[PDB]
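Peer 1: Pasting a structure below so you can have a look.
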Amino acid sequence: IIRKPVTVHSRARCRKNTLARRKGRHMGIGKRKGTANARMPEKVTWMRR
Amino acid sequence: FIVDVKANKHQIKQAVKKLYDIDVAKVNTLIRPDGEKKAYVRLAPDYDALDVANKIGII
Amino acid sequence: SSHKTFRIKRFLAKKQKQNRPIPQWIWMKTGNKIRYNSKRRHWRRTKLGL
RNA sequence: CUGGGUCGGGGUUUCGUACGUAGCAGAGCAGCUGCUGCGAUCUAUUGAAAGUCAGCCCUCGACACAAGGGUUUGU
RNA sequence: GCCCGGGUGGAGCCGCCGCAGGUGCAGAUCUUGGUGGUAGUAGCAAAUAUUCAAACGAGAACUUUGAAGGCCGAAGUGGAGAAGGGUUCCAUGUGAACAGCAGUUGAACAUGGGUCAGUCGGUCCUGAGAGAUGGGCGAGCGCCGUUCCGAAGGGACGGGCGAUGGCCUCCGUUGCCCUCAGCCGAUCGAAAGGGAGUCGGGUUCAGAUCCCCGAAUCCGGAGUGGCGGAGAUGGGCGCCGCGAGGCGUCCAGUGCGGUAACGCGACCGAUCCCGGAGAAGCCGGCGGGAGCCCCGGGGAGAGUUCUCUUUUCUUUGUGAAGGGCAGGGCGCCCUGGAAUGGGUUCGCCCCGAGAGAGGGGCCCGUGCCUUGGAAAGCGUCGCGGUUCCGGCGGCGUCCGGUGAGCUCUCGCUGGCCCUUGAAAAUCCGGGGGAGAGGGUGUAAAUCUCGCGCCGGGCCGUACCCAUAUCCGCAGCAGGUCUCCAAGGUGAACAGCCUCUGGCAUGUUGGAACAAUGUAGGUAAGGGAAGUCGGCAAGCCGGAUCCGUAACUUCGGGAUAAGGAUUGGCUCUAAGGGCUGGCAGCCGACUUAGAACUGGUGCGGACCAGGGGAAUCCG
RNA sequence: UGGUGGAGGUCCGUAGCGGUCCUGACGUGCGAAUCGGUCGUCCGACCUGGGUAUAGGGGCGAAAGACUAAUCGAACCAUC
Ligand SMILES: [Mg+2]
Ligand SMILES: [Mg+2]
Ligand SMILES: [Mg+2]
Ligand SMILES: [Mg+2]
Ligand SMILES: [Mg+2]
Ligand SMILES: [Mg+2]
Ligand SMILES: [Mg+2]
Ligand SMILES: [Mg+2]
Ligand SMILES: [Mg+2]
Ligand SMILES: [Mg+2]
Ligand SMILES: [Mg+2]
Ligand SMILES: [Mg+2]
Ligand SMILES: [Mg+2]
Ligand SMILES: [Mg+2]
Ligand SMILES: [Mg+2]
Ligand SMILES: [Mg+2]
Ligand SMILES: [Mg+2]
Ligand SMILES: [Mg+2]
Ligand SMILES: [Mg+2]
Ligand SMILES: [Mg+2]
Ligand SMILES: [Mg+2]
Ligand SMILES: [Mg+2]
Ligand SMILES: [Mg+2]
Ligand SMILES: [Mg+2]
Ligand SMILES: [Mg+2]
Ligand SMILES: [Mg+2]
Ligand SMILES: [Mg+2]
Ligand SMILES: [Mg+2]
Ligand SMILES: [Mg+2]
Ligand SMILES: [Mg+2]
Ligand SMILES: [Mg+2]
Ligand SMILES: [Mg+2]
Ligand SMILES: [Mg+2]
Ligand SMILES: [Mg+2]
């Protein structure tokens, strides 16, 4: 009786895409659905400043 | 043991002590789905349960 | 229900005890007209009242 | 010594030029003192690659198969 | 209507004269029971889906195992409860009936098993309310009423009298007298309100905060209290002794420290009185702490390796209760006295009724360290019992960083109310000062301090909790109260895909692919000519940058209307922390601009407002 | 004028609650009222569990003669 290993669910793809977003890719005004305030709240910005 | 529903834990302890001249560490009682009370009687460490069961007749 | 009263549990116990079939030596007595237990209750069919 | 069937090969046709490799082609960027790496894309091999009867056309290439089975019928 | 013959049948029956009636069926959408045609017909079509091999077996599309492909997709087809069900739970066996096909299978049938508690709940409290007595009413069973037309206390510190037991000491047990004094009304009313106190590891076929192991904890009790420690042992005088230390008289001794907040291991005290906790709404913002998620590494084991990949995946810990330290908060204290006003928040807000600046005190500390505790757990490698084993061994359980991230929790602060957002049980503190102890000791009365001794009775506890255990006549697409909640995309708990976990397509399968349907789509040219009627379908749709009329109750209309852009890749610029105008080291997502590039394609799936001009009514 | 702040029986829109249109499906149905797409609302006169009170010429009703156990312009049960 063996315990079968967990089926692989890799994160390499999403972490590579995260590195691309780090560099600034895939973040054009075409690829955004929420408002500017929703994406980054101006109150939080003012708080930090 | 199987006892009737009108027996306290103290009563069960005393009855076992008198009948079987042994010592009882503790008693746990439940009521079976069929009606009668079932009692688990834990004896003193210096008494083993197997010899008492021998004396009873159940082995 | 897991929470139940003593009298409810006792009534349930009696009803459960009553649900067995007849002993096989009944039907071949002399003055016997019983073929089977006609009062058997199934939990899905009849719901015990209460 | 004939038959279809399967596979294969051509014909037609659909889409649009495959993987790999090479390029001193490439917005540029980083490292080593001109070289080496990342880089969407581009050029050549490349009207290439892939599909194409299942209800498309031809084969005379390969393979096995095909002288069967059952029920009836009379002036 | 009847008489014979034949057959079946197995125990009673008829003729004539009278007597009596529950005395004659084709119907009443007659009553009960039975049986047809319809008809081997309608139908066994809501929620994507199954395939290969083997085993068992008379028998396999449906059972079991393995493999593959799928779905649920954390607001689940997952893991647990409440109500309800009541043995449906577990094991073995059977395949007559049931599970609208079948079954080797079942929530079916037949044999047996299974629910263990001082700490989990009930049990107690009172809420909205329910309901006796007194009283009133009523022909009457009864009804009204819950403090109202009531002699509503059966209690007690202490004192006195009388009796008893125990070494009759001192106390207990009473019986009588003196003295002391309210009740908000008996009683019931919550398995989600209040309500002291149990956690970790292991174990079963089915039970675990319940059994075993190990660590705790609350309440209650104890003549002699079992014991330590506190109350406590000092000063004066006359002395002795060289002094140390030791005698004889007096006097005190119900603790001590800090300026203060307050602290220390305890630190007498009744009736009575005061107060606190229990004990409080909704919403907003922010901060702290955990759990989870995320990033960079060390291990251990797995996956890919046709080429590449220091690669991808899994795992990498400590309970309750004490002690200590971080870290949060304070409308707490002391010094000092401030305009040239200052401190400070995301916002506020604060100050001569004492700000800043120093120094302290208190509360919570669910975080970290430690005791528990490595001995156990877990991950790997290897030996055993050839097994019946909490078997035995090696190694490891490591180092870091970040986040307007999500959930929970703690705290600060504000907003809203013609809404102000429970009671009681129980517990505690204080004010008082009635009493008690001893005369210097063997100190006593008294101790909310430490340890020690004994006990905690009764009832529930299995399982389902829902496209099959509940209610709908049923395994019914209905209904039925809750907690936990991963990765990617994305504003998102939206939609879509996946991991842990689960499932077998929803009461059958095979072969065909006619009509007509039901549910989806696409259509040349026209564009509402259709129709009662643009019904239905279709257009628009996210985000960024421009622009936005009439009218208006001046708030809106408004995403009005109307335009442009959106991909991929390579860059640039700006927006910060820590340490020692600068230097070094770390860093989290954003925003803007540019170049290049693709068959003009870029909110490429998913998500996702058609618009305008008017009339009527509210 | 630029920020800040974060009101509202405010707007889009989930869960929840409800039920417009297709007069779609079904109409001896899955169902003696369900299903699908599309819809209204979604911080308040909001939704919901349990406890408790109101009983038939009575109750309760933001009022439709609505609801009062599939029964309502007078419930259900037994008797006359
Ligand atoms: Mg049922
Ligand atoms: Mg006979
Ligand atoms: Mg008669
Ligand atoms: Mg007839
Ligand atoms: Mg048919
Ligand atoms: Mg579940
Ligand atoms: Mg379960
Ligand atoms: Mg079972
Ligand atoms: Mg069947
Ligand atoms: Mg225990
Ligand atoms: Mg009354
Ligand atoms: Mg009570
Ligand atoms: Mg309770
Ligand atoms: Mg100050
Ligand atoms: Mg170990
Ligand atoms: Mg259980
Ligand atoms: Mg299907
Ligand atoms: Mg099936
Ligand atoms: Mg079903
Ligand atoms: Mg069906
Ligand atoms: Mg057309
Ligand atoms: Mg056209
Ligand atoms: Mg016309
Ligand atoms: Mg329409
Ligand atoms: Mg308008
Ligand atoms: Mg007019
Ligand atoms: Mg209106
Ligand atoms: Mg609103
Ligand atoms: Mg219709
Ligand atoms: Mg029909
Ligand atoms: Mg709205
Ligand atoms: Mg009345
Ligand atoms: Mg009317
Ligand atoms: Mg009437």
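Just remember, in the structure tokens the first chain shown is A, the second B, etc., residues are 1-based per chain, and ligands are 1-based in the order shown.
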Looking only at the backbone, which of the residues in chain B does DSSP tag as helix (DSSP H, G or I), as a PyMOL selection string?
Peer 2: chain B and resi 9-20+49-56
Peer 1: Which residues form the shell of 10 Å around ligand 29 when you count only C-alpha atoms (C1' of nucleotides) and all ligand atoms, given as a PyMOL selection string?
Peer 2: chain F and resi 22-27
Peer 1: Residues up to 10 Å from ligand 24, counting only C-alpha atoms (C1' of nucleotides) and all ligand atoms: could you list those as a ChimeraX atom specification?
Peer 2: /E:534-538 /F:21-22,38
Peer 1: Quick one: which chain C residues come within 12 Å of chain B, and what is the nearest atom pair for each with the distance in Å to one decimal, counting only C-alpha atoms, rows ordered by chain and ascending number, as JSON lines?
Peer 2:
{"residue": "C:6", "atom": "CA", "partner": "B:31", "partner_atom": "CA", "distance": 9.7}
{"residue": "C:7", "atom": "CA", "partner": "B:35", "partner_atom": "CA", "distance": 10.8}
{"residue": "C:8", "atom": "CA", "partner": "B:33", "partner_atom": "CA", "distance": 11.3}
{"residue": "C:9", "atom": "CA", "partner": "B:33", "partner_atom": "CA", "distance": 7.6}
{"residue": "C:10", "atom": "CA", "partner": "B:35", "partner_atom": "CA", "distance": 6.3}
{"residue": "C:11", "atom": "CA", "partner": "B:35", "partner_atom": "CA", "distance": 9.2}
{"residue": "C:12", "atom": "CA", "partner": "B:33", "partner_atom": "CA", "distance": 8.1}
{"residue": "C:13", "atom": "CA", "partner": "B:34", "partner_atom": "CA", "distance": 4.8}
{"residue": "C:14", "atom": "CA", "partner": "B:34", "partner_atom": "CA", "distance": 7.2}
{"residue": "C:15", "atom": "CA", "partner": "B:34", "partner_atom": "CA", "distance": 9.2}
{"residue": "C:16", "atom": "CA", "partner": "B:34", "partner_atom": "CA", "distance": 7.2}
{"residue": "C:17", "atom": "CA", "partner": "B:34", "partner_atom": "CA", "distance": 6.6}
{"residue": "C:18", "atom": "CA", "partner": "B:34", "partner_atom": "CA", "distance": 10.3}
{"residue": "C:19", "atom": "CA", "partner": "B:34", "partner_atom": "CA", "distance": 11.6}
Peer 1: Please dump the current selection as a JSON list (two decimals), in the first residue's frame; keep N, CA, C and O atoms.
Peer 2:
[["chain", "number", "residue", "atom", "x", "y", "z"],
["C", 6, "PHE", "N", -34.41, 11.53, 27.97],
["C", 6, "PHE", "CA", -34.37, 10.16, 28.44],
["C", 6, "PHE", "C", -35.60, 9.38, 28.03],
["C", 6, "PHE", "O", -35.50, 8.23, 27.59],
["C", 7, "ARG", "N", -36.79, 9.98, 28.15],
["C", 7, "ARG", "CA", -38.01, 9.27, 27.79],
["C", 7, "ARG", "C", -38.08, 9.04, 26.28],
["C", 7, "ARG", "O", -38.55, 7.98, 25.84],
["C", 8, "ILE", "N", -37.61, 10.00, 25.49],
["C", 8, "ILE", "CA", -37.57, 9.80, 24.04],
["C", 8, "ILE", "C", -36.64, 8.65, 23.69],
["C", 8, "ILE", "O", -36.97, 7.79, 22.86],
["C", 9, "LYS", "N", -35.47, 8.60, 24.33],
["C", 9, "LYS", "CA", -34.54, 7.51, 24.07],
["C", 9, "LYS", "C", -35.14, 6.17, 24.48],
["C", 9, "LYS", "O", -34.96, 5.16, 23.78],
["C", 10, "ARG", "N", -35.84, 6.13, 25.61],
["C", 10, "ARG", "CA", -36.46, 4.88, 26.05],
["C", 10, "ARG", "C", -37.54, 4.41, 25.08],
["C", 10, "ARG", "O", -37.64, 3.22, 24.76],
["C", 11, "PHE", "N", -38.38, 5.34, 24.61],
["C", 11, "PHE", "CA", -39.41, 4.99, 23.65],
["C", 11, "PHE", "C", -38.79, 4.48, 22.35],
["C", 11, "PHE", "O", -39.25, 3.49, 21.77],
["C", 12, "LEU", "N", -37.72, 5.14, 21.89],
["C", 12, "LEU", "CA", -37.01, 4.68, 20.71],
["C", 12, "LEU", "C", -36.44, 3.28, 20.92],
["C", 12, "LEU", "O", -36.48, 2.45, 20.01],
["C", 13, "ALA", "N", -35.90, 3.02, 22.11],
["C", 13, "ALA", "CA", -35.34, 1.71, 22.39],
["C", 13, "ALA", "C", -36.41, 0.63, 22.33],
["C", 13, "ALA", "O", -36.19, -0.44, 21.75],
["C", 14, "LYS", "N", -37.58, 0.89, 22.93],
["C", 14, "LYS", "CA", -38.65, -0.10, 22.88],
["C", 14, "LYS", "C", -39.10, -0.34, 21.44],
["C", 14, "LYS", "O", -39.30, -1.49, 21.03],
["C", 15, "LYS", "N", -39.26, 0.73, 20.66],
["C", 15, "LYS", "CA", -39.69, 0.57, 19.28],
["C", 15, "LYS", "C", -38.67, -0.22, 18.47],
["C", 15, "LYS", "O", -39.04, -1.05, 17.64],
["C", 16, "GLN", "N", -37.38, 0.04, 18.69],
["C", 16, "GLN", "CA", -36.34, -0.71, 17.99],
["C", 16, "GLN", "C", -36.34, -2.18, 18.39],
["C", 16, "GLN", "O", -36.17, -3.06, 17.55],
["C", 17, "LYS", "N", -36.54, -2.46, 19.68],
["C", 17, "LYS", "CA", -36.59, -3.85, 20.13],
["C", 17, "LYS", "C", -37.79, -4.58, 19.54],
["C", 17, "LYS", "O", -37.72, -5.80, 19.33],
["C", 18, "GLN", "N", -38.88, -3.87, 19.27],
["C", 18, "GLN", "CA", -40.08, -4.52, 18.75],
["C", 18, "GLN", "C", -39.98, -4.94, 17.29],
["C", 18, "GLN", "O", -40.90, -5.59, 16.79],
["C", 19, "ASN", "N", -38.90, -4.60, 16.59],
["C", 19, "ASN", "CA", -38.86, -4.68, 15.14],
["C", 19, "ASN", "C", -38.30, -6.01, 14.62],
["C", 19, "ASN", "O", -38.14, -6.17, 13.41]]
Peer 1: Starting from chain A, keep only residues with some atom at most 12 Å from an atom of chain F, counting only C-alpha atoms (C1' of nucleotides), and report them as a list in words.
Peer 2: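 Going by the stated atoms only, the list reads residues 42, 43, 46 and 47 of chain A.
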Peer 1: Can you pull out every residue with an atom within 10 Å of ligand 31? Use only C-alpha atoms (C1' of nucleotides) and all ligand atoms and format it as a list in words.
Peer 2: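 These are the residues that qualify: residues 10, 11, 12, 13, 40, 41 and 42 of chain F.
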